[PDB]
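Shown next as structure tokens: one chain only, the form deposited in one PDB entry.
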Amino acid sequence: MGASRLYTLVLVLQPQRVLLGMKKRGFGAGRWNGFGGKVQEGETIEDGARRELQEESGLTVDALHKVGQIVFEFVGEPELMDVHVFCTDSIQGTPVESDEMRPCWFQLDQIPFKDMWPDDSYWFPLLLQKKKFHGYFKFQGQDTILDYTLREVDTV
């Protein structure tokens, strides 16, 4: 028995350029977005975002940078989705764009949040600002949003 779909979100955004993953054919063929991943049955969000990160663009990180935590509430369903945000810089592998994925290195002032998701623009502004925040967005199914909340954090 369990609940709350805890996933991850890794965006290799540097103070000069950003790396977004685009699909070639399937779920987002022609759209860029962070590399998210679900926390295995007993793994850490940093491990899920890391282990799933290396799989998205063959780029492995030695240590990402947690910035914010986004949440997704499903209308009509009790379950939810806890997505953590992580921005790396120190990678290992190569942009081994596969037949399913295709990353693109661009500028930190030209990242297209519209070609990713309806929440990117909500957690991007703080990322670029180097600030920590947490937002809760209610979805009408998976792509439509009906509620969005943003709370900045820093202390404990």
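Start at 1 and count along the sequence shown; that's the residue number.
The following text describes the form deposited with a small molecule bound, which does not appear among the structures shown.
Participant: So in the deposited bound form, is the small molecule close enough to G68 to count as touching (4.5 Å, heavy atoms)?
Facilitator: So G68 does not count as contacting the small molecule.
Participant: Are any of the heavy atoms in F133 no more than 4.5 Å from a heavy atom of the small molecule in the deposited bound form?
Facilitator: Judged by the heavy-atom cut-off of 4.5 Å, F133 is well away from the small molecule in the deposited bound form.
Participant: Applying a 4.5 Å heavy atom distance criterion, does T60 contact the small molecule in the deposited bound form?
Facilitator: Heavy-atom contact with the small molecule at 4.5 Å: absent for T60.
Participant: Quick one: is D119 in contact with the small molecule in the deposited bound form, heavy atoms, 4.5 Å cut-off?
Facilitator: Output for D119 is yes: heavy atoms within 4.5 Å of the small molecule.
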